[PDB]
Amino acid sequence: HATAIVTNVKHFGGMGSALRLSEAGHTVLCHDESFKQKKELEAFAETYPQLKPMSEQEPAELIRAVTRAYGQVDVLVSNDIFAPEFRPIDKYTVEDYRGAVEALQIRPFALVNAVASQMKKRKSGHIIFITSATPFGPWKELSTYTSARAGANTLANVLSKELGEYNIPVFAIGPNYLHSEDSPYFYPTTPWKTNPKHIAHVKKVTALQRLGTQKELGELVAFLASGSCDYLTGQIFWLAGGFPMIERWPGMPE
């Protein structure tokens, strides 16, 4: 069976991806910061017997471990996370930007850098970055997070050009307003399904007037990873329910 790595599986698009990839018949190797602790890894493995958590934390280490134990990495889902911190540009430190770039650009780069050679040698593989739709509709005072996510989107697009010759599609999925259940990355049930202000905000700024679901994200990840539509390689997908809705002139209804 085909192998798939999902990183930061407890957060963002991790569970939607891992669960739907597993249902599609992949062996899903799952990374997470919490899996440094045996108790957390074992608890996850018991709750999700169809998933295979690994303890390895860093990119080369993780790729090498999965390759040793399962033969090869057929699918990489780089589910990258970093807390958005809103500040006026002069109130950040430079290290605040470096941290965002490290988590949101250097990390997916390092994973591809470690796995690309084995994919190129057999001329097969799929690479998916989960990034952000914030560059499409940016908020004021989120300059660090948003620009790093744009770097990752362009990284995916550029990589598609060189890896296409080796039959390796590369995609970026950029969500916004994706319900993240009990993860703070980025729309947890509380407040986003519980507080009237937040419920009204989502109804206002998305065309579909709701949060996106983990199932929708997982369906897209599994579809791309299936090899059924490789000709989309290089695509940045905006998975944001039609966000942004743009405020209309006075006198028009919402």
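Counting begins at 1, following the sequence as shown.
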### Query
If you average the Cα B factors in the entry, which is higher, 118 to 126 or 98 to 106?
118 to 126
#### Entry: Mean temperature factor over C-alpha atoms, higher-scoring stretch between 203 to 211 and 222 to 230
222 to 230
## Note on the structure
Looking only at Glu141, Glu162, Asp182, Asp80, the Cα with the top B-factor belongs to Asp182
### Query
Going by the entry, which of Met245, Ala240, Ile236, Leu19 has the most elevated CA B factor?
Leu19
### Task
Pull the Cα B-factor of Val73 out of the PDB entry and bin it into the chain's lowest, middle or highest third.
highest
### Query
Looking at the C-alpha B-factor of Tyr187, is it in the lowest, middle or highest third of its chain?
middle
